[PDB]
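Remarks on the overall topology
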Amino acid sequence: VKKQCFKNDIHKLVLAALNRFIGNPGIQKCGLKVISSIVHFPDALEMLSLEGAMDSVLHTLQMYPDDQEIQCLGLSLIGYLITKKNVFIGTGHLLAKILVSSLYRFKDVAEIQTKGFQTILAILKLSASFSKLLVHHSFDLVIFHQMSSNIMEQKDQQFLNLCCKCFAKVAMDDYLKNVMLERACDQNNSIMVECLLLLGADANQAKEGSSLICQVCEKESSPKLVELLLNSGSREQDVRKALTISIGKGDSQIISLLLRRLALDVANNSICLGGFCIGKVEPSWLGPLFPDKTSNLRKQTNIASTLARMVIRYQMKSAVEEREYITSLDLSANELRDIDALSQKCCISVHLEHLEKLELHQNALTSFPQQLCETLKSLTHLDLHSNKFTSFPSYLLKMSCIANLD
Amino acid sequence: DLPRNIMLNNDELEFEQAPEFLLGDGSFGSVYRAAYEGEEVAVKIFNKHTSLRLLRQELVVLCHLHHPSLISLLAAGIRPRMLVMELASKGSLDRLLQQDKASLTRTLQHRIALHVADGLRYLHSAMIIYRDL
Amino acid sequence: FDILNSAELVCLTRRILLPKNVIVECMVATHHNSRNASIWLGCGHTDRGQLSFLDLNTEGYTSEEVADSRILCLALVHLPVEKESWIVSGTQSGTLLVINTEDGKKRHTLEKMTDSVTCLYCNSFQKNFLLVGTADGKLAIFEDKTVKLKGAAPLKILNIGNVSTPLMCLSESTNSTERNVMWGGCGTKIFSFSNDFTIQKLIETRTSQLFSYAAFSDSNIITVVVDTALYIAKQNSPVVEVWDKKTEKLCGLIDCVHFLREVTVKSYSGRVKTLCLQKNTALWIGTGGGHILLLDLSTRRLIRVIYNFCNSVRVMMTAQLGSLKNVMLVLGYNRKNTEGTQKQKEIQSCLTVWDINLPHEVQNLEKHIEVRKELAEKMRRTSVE
Ligand SMILES: Nc1ncnc2c1ncn2[C@@H]1O[C@H](COP(=O)(O)OP(=O)(O)OP(=O)(O)O)[C@@H](O)[C@H]1O
């Protein structure tokens, strides 16, 4: 019966009906439904490809962006009638454009996203070059939002596995990984940058973006995003440039997180804040640099690790199938016309009675404050020369235990 | 030892040696109309009792000196030892003097004399004598 | 007057309209310069390759279906011994048919490549080689003298890239008769080779230093022409890259959209679907929007933009017909919207014939106009006084 129906030229008639008549969306819904029923017939594929149904489906999707049923049926269909000819020699830009646009416009509809990602995986099964096109036409937004939402909203293991498989096949090339990493660093998307770093995507990819840490610091980023870049590979010069930029746009947390790598030696409980020519010092900037053992490490962002493990698993499957107070506070080359900020009570005054040495030579200080020298109760090595002093304070000797005053 | 833009491509040379295509005689060779790279050109072929010295005597002026009053060389071969130069639209001055002595307005005569004098002055300023005018 | 004030009207010698609804993908010219001025066309309107013969002096179109899959590229081989002439075809399936230019009953296939054959460029280094570029980044070097055999094997199957990277960018060098290095293109990488068949250079191009036009700079290479540098065009790329053959870096980046902006005002899909380079005068860019860009090869100048004759330029190449050379065969797809607005299949493939002197006449004609204008002004002034 199916063969007789096919021989009756049903496909030609239905394609002509739904192609010649681009208005009246009801006939479009009926035609997409009829084609969807047609495709799973034994002989459907060859005649459907010869008639050129694919162009009709793509045009239908173009003229009806806002309707839901047309988009769902078309996205389910596209993967069904896709062939190697349709993506021949790497050409498939209208496909990627329509798929990404449809997925982005309807981001919350689970069925539309499921059909679209199944279609995308089916296309990637044919030609791997298509992924490049997807990356070009902003597939990143859809991928990232879906991977965030699926974990945040109801958990679907099959849908998450599909998304991770698509992401793994997209991230085969190192250049594609770099592009996705840069675009994810442009947005405040710290949840996934950890995953991308785990996959690869070295953080020293300077192509007019200069230093990633610096550029992400410019666009008012979250501290956890800067932390991921700092923990991974980052050149010292770029970190210092980011420090200068963050000094320009004064933010306590980013400055503290940068100084945590630039100048801190927890092994020898020492701060080496030397030649980093910061024009001023504030209690908030070097507050978190103190140990604060009461605060403890917290690992709640296991999502990135699980996603990276699943992506790596899919990639390899495809490959095989075919006290301790820190006491050395140093501020020497800093252009410091005043250190009055440390005088006021803050979190610094909680840990300054143990400093046990301080370096302030080669600056522009004058008249070392009374409150600060009355705060430090164990400063046993205080050197401060090449400053613009004009009279000996004579209250520096009121400290509890001081030696080697210079 | 010459610029590489003057070497013949025998695949692009439609040349037919015949008395019907003869344009004129020369000092030691004869010139025939032909086609080179899809354009009407003139091919000068030398004689059996000749040598490379005559070809290099042609080339010492045709390959190093460029002027609006001197004929332009398009190619110069070695295996049959021919030259490929421009084609004058209106022919030699002998035909004009003998057959067509009616278009020789005094302006045309003055222009011809001036152009020949300019060519001679260029040749003589370029350390080269002509000896056959 | 404005219609007659154009060089497009002086140097467009012939215009041929092919039969209704035919999609021809590649063309070659039967060019022995004395045998028969004609064109061979590879149709692609159906998924079964058709070879068609176009007699130019009679405008006679004769098609013939011989290939299971659509023909991608064509090449003409002329063996001077015994005055042998043959034409070789490259099908999407992977086969390689060889049929005589004169005889019509000389069909004989060859080795079936792994995948589609994207180039068949043939040239002589001396020895003549018929270079077969498979769609898997594989240049299967073949011997011209071996085309007589009914089925054979490539002399040296070179490998340039994986299946993901296609090799579809064969070319040669016409400067100083340097018929030694034939700069090609595999995927997004430019490769070079000599008669030693050793890769002297394999340069990566997918990275753009500016990283702004990298959207158009991360596509497969489609055409390369070399006179003093490298000219690179890519799929859906409004940019063309002028790369240095010594420092191996991007010297220049010419924007086709920048030159088209003057004529469009009166998402720009101004792609570069083909590119041809005239000897020493100008550069002929063929756009996917139906425009033709004549650029001054000297440094940068735009000689002219030609439009309102096609909807999309497909194949641009230089031929010689009937002892009258200097004819830039241009094939375009005139797709009238009479059938419908859904891009219904009503496509006239127009094979127009130009004269590559065209970059010259532009200046000539404009100078003419300027002189006449001046004369007019002078006369009017003499009228006033
Ligand atoms: N109508 C014509 N069209 C073209 N050439 C003509 C015509 N009439 C005569 N000729 C001849 O064609 C030749 C064109 O000049 P050309 O550049 O070939 O000079 P040439 O061969 O170097 O000269 P010469 O014979 O004095 O050595 C001349 O010999 C000229 O007499």
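As drawn, each chain counts its residues from 1 in written sequence order, possibly unlike the entry's numbers, and residues without coordinates are not displayed. The order in which chains are written sets their letters, starting at A; the order in which ligands are written sets their numbers, starting at 1. Scope of values: the displayed chains only, which are part of a larger assembly. With hydrogens and water excluded, all non-hydrogen atoms of the structure serve as input to the side-chain values. Residues with missing side-chain atoms are left out of burial classes, side-chain pairs and their counts.

The deposited coordinates, according to the entry record, derive from cryo-EM at 3.48 Å resolution.

1. Structural notes on the overall build of chain C
Helix and strand content of chain C: two helices and 26 strands. Radius of gyration here uses only the C-alpha atoms, and the compact-globule reference equals 2.2 Å multiplied by the residue count raised to the power 0.38. The C-alpha radius of gyration of chain C comes to 22 Å, within 12% of the 21 Å expected for a compact globule of 385 residues. Over its C-alpha atoms, taken along the principal directions, chain C stretches across nearly 85 × 50 × 45 Å. Helix and strand assignments follow DSSP, with helices taken as H or I runs no shorter than four residues and strands as E runs no shorter than two, numbered in order from the N terminus.

2. Re the overall build of chain A
Helix and strand counts for chain A stand at 20 helices and two strands. Taking 22 Å as the expected radius of gyration for a compact globule of 406 residues, we find that chain A reaches 31 Å, considerably beyond that expectation.

3. Topic: the sheet that holds strand β23 (residues 302-306) of chain C
All names here are of chain C. The four strands are arranged β20-β21-β22-β23 in an open sheet whose pairing can be described as antiparallel. Where the open sheet ends on each side, the last strands, each with one partner, are β20 (272-277) and β23. Pairwise comparison of adjacent strand axes, ignoring direction, gives a mean angle of 15 degrees for this sheet. Strand pairing is defined by DSSP finding a minimum of two bridges between the two strands. Pairing analysis gives four bridges linking strand β22 (residues 292-296) to β23, with the strands arranged antiparallel. Pairing of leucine 294 across the sheet is with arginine 304, part of β23. Whether two residues are in contact is decided by their heavy atoms, any of which lying within 4.5 Å being enough. Only the stretch in contact is used when fitting a helix axis, every axis being a line fitted to C-alpha atoms; angles between N-to-C directions are given from 0 to 180 degrees. Strand contacts of helix α1 (residues 256-264): β20, β21 (282-287), β22 and β23, with the helix running at about 65 degrees to β23, the strand carrying the most contacts. Helix-sheet contacts for helix α2 (residues 358-384) involve β21, β22 and β23, and the interaxial angle to β23 is about 105 degrees.

4. Things to note about the environment of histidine 40 of chain A
Residues and elements named next belong to chain A. Note that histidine 40 resides in the loop between α3 (25-39) and α4 (44-51). Separated by 40 residues in sequence, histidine 40 and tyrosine 80 have C-alpha atoms that sit 8.6 Å apart. A 3.5 Å cut-off defines polar contacts: any pair of N or O atoms within that distance qualifies, except that in protein one atom must be a possible hydrogen donor and the other a possible acceptor, and neighbouring residues in sequence count only when both atoms are side-chain atoms. There is a polar contact of 2.8 Å between the side chain of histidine 40 and the backbone oxygen of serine 37.

5. Quick word on the interface of chain C and chain A
With 20 residues of chain C in contact, the opposing surface of chain A contributes 17 residues. Each residue gets one label: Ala, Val, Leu, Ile, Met, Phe, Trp, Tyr, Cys and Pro are nonpolar, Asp, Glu, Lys and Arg are charged, and the others, such as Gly, are polar. Of the residues that constitute the side of chain C that touches chain A, the class distribution is seven nonpolar, 10 polar and three charged.

6. Overview of the packing of helix α13 (residues 190-199) of chain A against helix α18 (residues 302-321) of chain A
All names here are of chain A. Close contact between α13 and α18 brings their axes to 8 Å; oriented N to C, the two are set at 40 degrees. Classified by chirality, the crossing of α18 by α13 is right-handed. Counted together, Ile191, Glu194, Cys195, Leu198 and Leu199 of α13 and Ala304, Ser305, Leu307, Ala308, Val311 and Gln315 of α18 form the full contact between these two elements. For the contact of α13 with α18, the class distribution of residues is eight nonpolar, two polar and one charged. Two helices that cross are described as forming a left-handed crossing if the nearer one is turned anticlockwise from the farther one by less than a right angle, and a right-handed crossing if clockwise.

7. Here's the deal with the arrangement of the chains
Across the two pairs of chains in contact, the largest number of contacts is found between chains A and C. Left apart from each other, chain A and chain B have a closest C-alpha approach of 36 Å.

8. Regarding the packing of α13 of chain A against helix α15 (residues 223-231) of chain A
All names here are of chain A. In the contact formed by α13 and α15, the axes pass within 9 Å of each other and the chain directions differ by 10 degrees. Here α13 is positioned roughly parallel relative to α15, judged by the angle of their axes. In this structure, α13 uses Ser190, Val193, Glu194 and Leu197 to contact α15, whose residues at the interface are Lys224, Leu225, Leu228 and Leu229. By residue class, the composition of the contact of α13 with α15 is five nonpolar, one polar and two charged. Orientation labels follow simple angle bins: below 35 degrees gives roughly parallel, above 145 gives roughly antiparallel, 65 to 115 gives roughly perpendicular, and whatever is left gives oblique.

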